[PDB]
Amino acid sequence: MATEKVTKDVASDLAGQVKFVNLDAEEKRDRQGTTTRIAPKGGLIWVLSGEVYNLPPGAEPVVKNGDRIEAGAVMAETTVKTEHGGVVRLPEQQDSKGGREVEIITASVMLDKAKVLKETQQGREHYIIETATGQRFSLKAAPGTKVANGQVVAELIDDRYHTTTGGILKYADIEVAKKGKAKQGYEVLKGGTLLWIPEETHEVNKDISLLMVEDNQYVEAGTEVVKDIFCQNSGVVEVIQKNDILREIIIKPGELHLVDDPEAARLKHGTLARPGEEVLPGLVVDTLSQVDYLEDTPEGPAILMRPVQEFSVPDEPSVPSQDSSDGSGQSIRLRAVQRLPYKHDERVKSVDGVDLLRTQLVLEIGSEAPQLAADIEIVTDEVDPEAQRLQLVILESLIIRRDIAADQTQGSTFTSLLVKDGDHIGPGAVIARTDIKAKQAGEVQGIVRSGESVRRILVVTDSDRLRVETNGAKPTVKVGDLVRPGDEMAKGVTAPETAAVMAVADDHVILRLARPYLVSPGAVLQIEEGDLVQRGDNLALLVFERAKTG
């Protein structure tokens, strides 16, 4: 063949309601084409003029068909509800692209009896939480920051577990959770004592010729073991070299007791000699010490008594008093945990001091919280006294768009807030109601008669109605008729414009303005009988066969 399939669509030139008059509407189903609204014979689509209002998706109409409404009346209202009801907080006038924000604290915990201060000292300002016990915690989250579940909030400022240099760490009755060190070490589960044997380890790579000390030579703090390396502590210098170059030098504090045949001693190089024990005949141990067999030291073979210091570790750390307002499936807590960053027999190579027990407050949420949550932490003022307190809150932020001025397709809007800044709200409660104002006064027509699908409302105004005066005649037109220009509706009176007469009396006839649209056969209807359309809305699309050059 030699033709081409074309489509021209028929858009309405006015807002109104769609009426089929003598228009067969067919629903055609094909094997793959499926459903298609067609006008098999073609016809007329009438648009009864009216001001059509698109409603927001939550709108519930407050007007029924036939009501007469003044201009600016509320045609429908929408409601904003709260999922997971809690205590409402109303934020500032943050014109975030116009919308107002409302937050709902669904759960909260606050450290009562603990005061937050801002220690301008220590370089730059830091938040410090002081408890009634006197403990000071450095706050590790600046105000207004979101905090995930399990995150460390504050860290105890604690010099009881700070060492002088590196060394060797062993446990005694302490049971830790074998967690990956991804969380800064191992959590303490059962308490006990932790034993620390100092040794100052220096990583070096210069050749052995750059040594100013002999192996296992006891040295004082001020001396320089290497020309560029000064030691920080007094002790025995252990020199590790494997390739004619120094690998590391270790300074081992202790008490040197001279011996012949150190291996012959009774307590072995398995160390850990309790006070009062005889490592060697005539040698008794004063304080808890570790045996260190040394041969080829200056002054001959010896055994070094490494002094081990102990740190007592409680099963649970001291927990600050906290008041929890938990609700709605969410349980919030600040759990106090003790973390050991070092393993139970690890050699901690260091020159300067080391901290080996970190006490931390850890966020604990998610008893039944879906997808966990995030705690926004704030520094608020306590109700009774004049101090500052720390609080962590899970909130639900809802946004109310401000309002809209009237446009062609929608009326003006007026939002109204039903809740105050300190109210205890329940689940599903209404916090805001939005009114959709009318543009012009008129009579409401054609609400979607189904429920929750009320998307458009038509209102006929004095720009869609016309009263035509029949003076002496009786009108020759009936209430159902569609008049065209020039048509005799009554004796000596003709229709001024296309419309449908809505009321017929003896003195007057009232007609609703309408526009017809011709539809060629086989056109695809884009609209259903009774649908409310705006200007430019597609009513149908006509399918043409056109000459195609080629």
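Quick note: we count residues from 1 along the sequence shown, nothing fancier.
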**Study point:** Between 452-460 and 376-384 (mean CA B-factor, as deposited), the higher
**Key:** 376-384
Revision key, fill the gap. Between 388-396 and 287-295, the record assigns the higher mean Cα B factor to 388-396
Review point. Which listed residue, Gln232, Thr163, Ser324, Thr193, has the largest C-alpha temperature factor in the record?
Key: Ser324
**Study point:** Top residue by Cα temperature factor, when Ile365, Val219, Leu256, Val351 are compared in the entry
**Key:** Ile365
Review point. So where's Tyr127 on the chain's Cα temperature factor ranking, which third?
Key: highest
**Study point:** Within-chain third of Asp355 by Cα B-factor, per the entry
**Key:** middle
Check your understanding: With respect to C-alpha B-factor, does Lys181 fall in the lowest, middle or highest third of the chain as deposited?
Key -> highest
Exercise for review: Relative to the other modelled residues of the same chain, rank the CA B-factor of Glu199 and answer lowest, middle or highest third.
Suggested key: lowest
Review point. So where's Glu60 on the chain's Cα temperature factor ranking, which third?
Key: middle
